[PDB]
Structures are given as structure tokens and as C-alpha cells.
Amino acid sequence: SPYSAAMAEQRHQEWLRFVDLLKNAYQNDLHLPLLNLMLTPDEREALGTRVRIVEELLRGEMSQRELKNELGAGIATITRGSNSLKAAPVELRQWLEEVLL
């Protein structure tokens, strides 16, 4: 039932509605309270850390435990971050290199 095409369609519509809602929140300077409402504290903390992981993966200068050192992320978390960056369209990846480095 969660795995039906109907639920897949509903999930994507709901995601796109959120995406569109946050787009307009940025336009109206309400993005910060909106992200406080819609995300828990540990999710905000995780998003801030994930930015630093992507930056350091793209810079390519640190190993496992130093990334585990200054960020406290396990080897599994960094691997999944690495997987996700490998899948990213390179328009996104090249822009991230420009702004994060």
C-alpha cells in the first residue's frame, strides 16, 4: 500500500508542494521560521553537518577519522553522503564547488 503507484504519486505531489511552499517562504523572508516549524532540531543539525561533509568530500583533503573527528559522522554516514554526491547532476556539483570552496 505504501508501495503502490498511487502512494508514489501522492508522495511526490506532497514533496513538490513543500518545495514550492519553501520557495515562496524565501521570497517572503519567512524561510527561517518555516524551517524551524517543518524540521526538528536534530534534522537542522544534520543538515548543517551534511553541508560540511559535502564541502570536505569535494575538497578531497581529509580521511575517515578526521571527518569523524571534526564532524562526528560515522564511516557509513560519509559513505552515503559520498554516494549521493556521486549521483548528483554535475551542474549542481560544479555550482557546489564554486560556492562551498
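When you see a residue number, it is the position in the sequence shown, counting from 1.
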Stretch with higher mean Cα temperature factor, 11 to 19 vs 89 to 97, is 89 to 97
Looking only at C-alpha temperature factors in the entry, 40 to 48 or 72 to 80, the higher average sits in 72 to 80
Sorting the chain's modelled residues by C-alpha B-factor and splitting them into thirds places residue 34 in the lowest
Give the position of residue 62 by CA B-factor within its chain, expressed as the lowest, middle or highest third. highest
